[PDB]
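**Student:** Just need the structure, nothing else, for what follows:
(14 chains)
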Amino acid sequence: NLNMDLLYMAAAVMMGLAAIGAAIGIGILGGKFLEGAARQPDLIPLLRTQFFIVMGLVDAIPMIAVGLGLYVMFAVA
Amino acid sequence: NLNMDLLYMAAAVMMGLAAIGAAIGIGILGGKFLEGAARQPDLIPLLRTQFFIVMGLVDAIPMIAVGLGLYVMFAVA
Amino acid sequence: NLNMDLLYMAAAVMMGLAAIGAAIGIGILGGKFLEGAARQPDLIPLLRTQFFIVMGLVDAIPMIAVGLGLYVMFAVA
Amino acid sequence: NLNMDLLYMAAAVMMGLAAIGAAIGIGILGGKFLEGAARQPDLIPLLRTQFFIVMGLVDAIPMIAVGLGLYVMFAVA
Amino acid sequence: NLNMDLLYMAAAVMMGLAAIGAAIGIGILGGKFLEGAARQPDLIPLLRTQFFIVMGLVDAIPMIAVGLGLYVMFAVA
Amino acid sequence: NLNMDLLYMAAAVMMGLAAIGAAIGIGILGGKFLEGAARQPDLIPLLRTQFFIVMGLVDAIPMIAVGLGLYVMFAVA
Amino acid sequence: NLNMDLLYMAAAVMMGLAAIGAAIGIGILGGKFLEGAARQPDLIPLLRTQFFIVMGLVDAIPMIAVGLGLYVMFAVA
Amino acid sequence: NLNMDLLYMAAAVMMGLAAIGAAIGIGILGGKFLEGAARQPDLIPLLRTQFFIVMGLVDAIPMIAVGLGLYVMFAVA
Amino acid sequence: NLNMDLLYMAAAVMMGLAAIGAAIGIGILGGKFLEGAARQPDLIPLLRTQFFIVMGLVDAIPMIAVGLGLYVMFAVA
Amino acid sequence: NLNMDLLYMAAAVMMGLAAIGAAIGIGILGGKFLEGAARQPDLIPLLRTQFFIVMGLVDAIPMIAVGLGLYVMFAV
Amino acid sequence: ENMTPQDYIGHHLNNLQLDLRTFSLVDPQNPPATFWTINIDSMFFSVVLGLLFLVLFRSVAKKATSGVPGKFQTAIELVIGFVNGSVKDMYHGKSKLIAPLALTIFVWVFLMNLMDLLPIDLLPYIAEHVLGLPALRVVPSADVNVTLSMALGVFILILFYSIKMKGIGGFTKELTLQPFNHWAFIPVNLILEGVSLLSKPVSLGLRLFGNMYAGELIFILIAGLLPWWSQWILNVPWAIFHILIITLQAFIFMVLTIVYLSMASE
Amino acid sequence: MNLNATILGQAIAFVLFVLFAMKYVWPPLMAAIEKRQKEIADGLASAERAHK
Amino acid sequence: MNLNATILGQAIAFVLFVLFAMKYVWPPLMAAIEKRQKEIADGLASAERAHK
Amino acid sequence: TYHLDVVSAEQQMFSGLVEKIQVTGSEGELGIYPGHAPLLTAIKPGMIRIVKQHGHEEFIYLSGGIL
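**Tutor:** Numbers count the residues shown, from 1 in each chain, chains lettered A, B, ... in the order given. There you are, the coordinates:
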């Protein structure tokens, strides 16, 4: 029955690192975006579009590692 | 027994790493927000709007990790 | 035997990580608060209100980690 | 048999590390991308071109790692 | 019993992490203080006011941390 | 038998570290390249040509770790 | 025996993390100080005062941690 | 026996960390060299000389770790 | 041969972490020394004396860490 | 048997941490050096000299870590 | 067909190797020990792709004209444009060989990689169930030895060009004095500079290789691990992306070749 | 396991991949070629106007 | 995976595919283009003398 | 050496070759040597230090300006 604890520990690492990656990427990107917004507030509705169109491309891999941890926990037990 | 009493180490790894991610990302975003505000000290409410927009994206994946940490600690354990 | 002795370790993981996160998330924001304030000292009372509004989200999620760490540390161990 | 656990734990680390590495490498680049966009908003497409050219490099090792993690988790087992 | 060395280490983890967090956060904030000071040396008492006033906030969580590590190393161990 | 569980792990960790290193380094290098692009169009080809003097050098060590990691995972085990 | 065994490891984490933090923090701080001095050789002493004052706040937690390490290596040994 | 596992682990970590070191150390340096060129392309062939004279050092430690990892593979196994 | 094995991991941890701390903390400082040089060449002697005086702080804790490393390695062994 | 791979692992960790440190430090210092040079190109010699002087103090502890890592790896 | 997914996957991890003593075919289940067992699948693809590049080019080369080019000729001259544009600025010496070196590297590597987009199982089927061949795989670069041979060829060239264009008398000085220049450090200096030389061909080989080994792996898994109505939906994005890597790695190899040599000779 | 279903899967995959290539990737190829040919052709045309 | 004697055969194939391009493909290809490069370069000097 | 021009809106105050100068830039005190990278900054009221080639020093008082 040791198996069914390390099966959760793998999910612990697998889904902690993913949260860190997502948070860091989005935070840096949003910070630079906000500086761009503040230096020209007339321009926001363009920069924000570009922001989302990039941000998805960061979070791609967090959201697959999350998924594999979800699989290992809920399905594999 | 350890077959449950170690689950807390899994929850700890998961949710503490998530705490790091959300804390650092939110802090960076807020720092650029404050600089922008100080440099446009009338534009603020629109910047606060956008700050709240991109803020939750930093916590989009940390919140799932919180959910699953409390899952391991109060559904499983 | 394996009940309390590793619960100390796991709560220590949770709360030490949350301490790293909550120290640096305050640190960076405070740095940008100071350096911006040093340029616009006449606006300080507005800036600090924005500071507190931001920190309210910064530390909310580490607060979970530490309060949960106490819920483990005193009750469960 | 026990053998399933350690393989899962090995793959988990690869996928978490890939997640963090990729996410940071894209967030930094996108940050500079957007702060540039806020200067040359008319020439966004050219920046997008070179941005994706380089993002083709950022993702190399992280997705090598995601592939090997999937292989370990589902065919080494 | 074997737990004696486990209590020491379970405290030591939280102690080292509190050290790292507090040191980095306060170093950052002080660095911005020292730079800001060079511009308007007429302001340094007000800057130092703000510095202490937020540095009281930098360390709250590490001041949970070291306290509760000693709660083991000098009472419970 | 015990050799599998850790002969795969060694490659998992080795290639995860190889991922982090190159992802971060190329992130920053490309970030500065886009700084150049947004500041100084009409140089973009020259900057690209120089940038790819460095980009190969950034991969210098990590790709060796990825090759040896594949060796470990398929020839050693 | 083991009472004799883990009193080196237990101090290893503490003293290593403390030695990292107390060096990083004041590297940051003294760097900002040193440039602030290069920009204003009129204010070398005035800023040196603040450098010491502010340093006084960083090394608190590192000194506690490393002192407790020395404690575990020679007092309780 | 498992000495093969842990000796290959020794090679694994030896190379793994040096990879991150030598990647990020060049990422930083190239990142500054690129902007130095960006402001003024007519200095490129000078800065791209001093660049090599600098980067020569960055590898002195990691390309020791590289060779010793290869040795620990093919001599120590 | 059991009882002493951990002294050789414990001797490595405290050494390596002091190495990282000292090197990174003095680099982050030497960078500002070099800027203070390049803005004012004829101040370079005074800034070098200031650099030494500051670095006398940074290296403090690392020296203690490495000293107790020497202790554990050769005296304790 | 169960022991010696511990020594080898410890020497690998020594060199790994020391490489991380002595690479990041030299990289930061080198980036600032290159930009300082790009600012005052005709003080390249003076800056390179003082850069060596400041570098020397960075490498000490990592090089000692490599020394003791080699001693652990081969003298024991 | 008793192939478990874990087991089916294996057959693509398997090469179709020769044994030169026996000219025999090395069966997948038992791998003979020796250094004398050629990888036929990598070789046949290598030579066929190289030749069908050279044919397309040399057919027009004999015929090239200064009128408006034929469209096929237009593409030939446009890739000549990218190639000559790179050569034109990164190289400054007289040597002839540099340009066709870089060209034959670029397009040939691209072709060796180009195959990966081929449906992963298709051609191994005509290998096994038609011509009676026990196993196969269809990306040469995913077989280490070609990348090793090419990058160590560049290694030979680094030695060769550098010694040609500055001699041993200065080559020893560089290889021994640097980076600290002070005579007590020389023995330790050369150690650090030596493998610093060798890691260039090694990294050239490995950076390319790993990308394509791991490229094929994802298609192997796409085939093995998923139902028909989901193998296509990951494969759309994965092709969208792998376009990029298979182009970038050839461009990298070209530029890196030229740069590595230029640093030594110029 | 049945080897056949992978065939239908990779058929769908390759068909849609080729749609992507043709509709998005062949146009830029042919367009850069046509652009280069325009440059060559008008170059020779104006050269001949100059030689007139 | 496995080291192989392929590592020499590929050098043998490589240097030959190099030779077949060196003395027989690139000089023709670029020379036929140099002819054109001149032939559009001359038009400017032609009109220049016509102007003078 | 490099050529230094100190000019007011009214009349010209210096022109000759210089080895180095030291100027109190608004952000920080700065020093310029031959080949210095292009730079542009305000400056605070105060002195400016010249060394005319062959090292001959002199000082000038300014009400501010732009360098």
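
**Student:** and the helix or strand where residue K:203 lies, what does it pack onto?
**Tutor:** Residue K:203 is part of helix K:186-225, with elements assigned from DSSP states H and E. With contacts taken as 3 or more Cβ pairs under 8 Å, 6 or more residues apart in numbering or on different chains; DSSP states H and E, helix K:186-225 sits against helix D:60-71, helix F:60-71, helix H:62-74, helix K:5-12, helix K:98-114, helix K:144-177, helix K:228-265, helix L:5-24. For every residue, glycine as well, the C-beta is placed using N, CA and C.

**Student:** run the last query once more with 6 Å
**Tutor:** Using 3 or more Cβ pairs under 6 Å, 6 or more residues apart in numbering or on different chains; DSSP states H and E, the elements in contact with helix K:186-225 are helix D:60-71, helix F:60-71, helix H:62-74, helix K:5-12, helix K:144-177, helix K:228-265.

**Student:** how many neighbours does residue A:14 have?
**Tutor:** Per other Cβ atoms under 10 Å in any protein chain shown, the neighbour tally for residue A:14 reads 31.

**Student:** any bit of stretch K:2-9 sitting next to chain D?
**Tutor:** Yes - using Cβ under 6 Å from any Cβ of the partner chain, stretch K:2-9 comes into contact with chain D via K:6, K:9.

**Student:** List the buried residues for that stretch?
**Tutor:** For stretch K:2-9, a neighbour-count test (16 or more other Cβ atoms under 10 Å in any protein chain shown) marks K:8, K:9 as buried.

**Student:** How far does that stretch sit from its chain's centre?
**Tutor:** Distance of stretch K:2-9 from its chain centroid, counting by Cα atoms, centre = their mean, to the nearest Å, is 29 Å.

**Student:** So what touches that stretch?
**Tutor:** D:75, K:220, K:224, L:1 (Cβ atoms under 6 Å, 6 or more residues apart in numbering or on different chains).

**Student:** What about those, which one has the most neighbours?
**Tutor:** When those are compared by neighbour count (other Cβ under 10 Å), residue K:224 ends up highest, at 25 neighbours.

**Student:** thinking again about what came up before, list the buried ones in the helix holding residue K:203?
**Tutor:** Neighbour-count burial for helix K:186-225 flags K:189, K:192-193, K:195-197, K:199-225 (criterion: 16+ other Cβ under 10 Å).

**Student:** ditto for stretch N:58-67
**Tutor:** Buried residues in stretch N:58-67 (16+ other Cβ under 10 Å): N:62, N:67.

**Student:** how many neighbours does the residue in chain N that chain I sits nearest to have?
**Tutor:** With Cβ to the nearest Cβ, the shortest gap between chain N and chain I falls at residue N:31, namely 4.8 Å. As a burial measure, residue N:31 scores 19 neighbours (other Cβ under 10 Å).

**Student:** Tell me who's in contact with it.
**Tutor:** I:40, I:41, N:22.

**Student:** Provide the strand pairings for the strand or helix carrying it, with the direction of each partner.
**Tutor:** Secondary structure from DSSP H and E places residue N:31 in strand N:29-32. Partners of strand N:29-32 in the sheet, by DSSP bridges, are strand N:12-25 (antiparallel).

**Student:** Where does residue A:52 sit: helix, strand or coil?
**Tutor:** helix (DSSP: H, G, I helix; E, B strand; the rest coil).

**Student:** which helix in chain A runs the most residues?
**Tutor:** If you go by DSSP state H, chain A has its longest helix at helix A:3-39.

**Student:** Which one of the residues in chain K is closest to chain H?
**Tutor:** Among all residues of chain K, residue K:179 sits closest to chain H, at 4.4 Å; criterion: Cβ to the nearest Cβ.

**Student:** I'd like the distance from the longest helix anywhere in chain L to the chain centre, please.
**Tutor:** Secondary structure of chain L per DSSP H: the longest helix is helix L:26-51. Distance, stretch centre to chain centre, for helix L:26-51: 17 Å (Cα atoms, centre = their mean).

**Student:** Then stretch K:229-238?
**Tutor:** Distance of stretch K:229-238 from the chain centroid (Cα atoms, centre = their mean) equals 27 Å.
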